[PDB]
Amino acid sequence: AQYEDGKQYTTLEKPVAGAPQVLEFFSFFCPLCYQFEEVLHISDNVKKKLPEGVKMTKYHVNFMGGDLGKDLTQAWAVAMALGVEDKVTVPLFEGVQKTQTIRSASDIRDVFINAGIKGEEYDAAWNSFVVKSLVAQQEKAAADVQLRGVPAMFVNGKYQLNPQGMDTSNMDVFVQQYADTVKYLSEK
């Protein structure tokens, strides 16, 4: 075939029911995740090729960055609850990997405040139970697929993208090959 199991994607031995249509996992400490987001813009390009209605979910993971890793998963939950993902993704990635100015939960908070989120608004969300359940959903989703590495992307809780089976000479071609595979899998 043109799309082979084991080449551009892998089929999960134990499929997951009730999983979001397109689920992406990442970590602000993950180098390749930085490339995918800031340079390649994977998520955006994938979104612009998905059929009408198909929803995309992006979750943060706990297994990198120790203590800060967990703080970031909670911060991501806050970003989701408040709907400010598009305002804090870049400064969080850069804060951790470019300028190395993010070293504690306090530093994470500064980013949100700088990005325009009010202090009291951030603190309320940070301590909310709505955020606590969001953290739990992120953890459960990772558990359902036995995730042990990022970046990762699953389609219909059954297939996992395999970017190792794609050409990386030209970045634009790589991105489109990636996006087309997600489209193919979503209607499969």
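Sequential numbering from 1, following the sequence displayed.
Mean C-alpha B-factor is higher over 42 to 50 than over the other stretch, the pair under comparison being 42 to 50 and 135 to 143. For the pair 177 to 185 and 1 to 9, the mean Cα B-factor is higher in 1 to 9. For the set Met64, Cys33, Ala125, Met56, the PDB entry puts the maximum C-alpha B factor at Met56. Among the modelled residues of its chain, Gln74 has a C-alpha B-factor that falls in the lowest third, as given in the PDB entry.
Per the deposited record, the Cα B-factor of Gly83 falls in the middle third when ranked against the other modelled residues of its chain. When the CA B factors of the chain's modelled residues are split into thirds, the value for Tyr159 lands in the highest one.
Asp172 sits in the middle third of its chain by CA B factor, as recorded in the PDB entry. Among the modelled residues of its chain, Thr99 has a C-alpha B-factor that falls in the middle third according to the deposited record.
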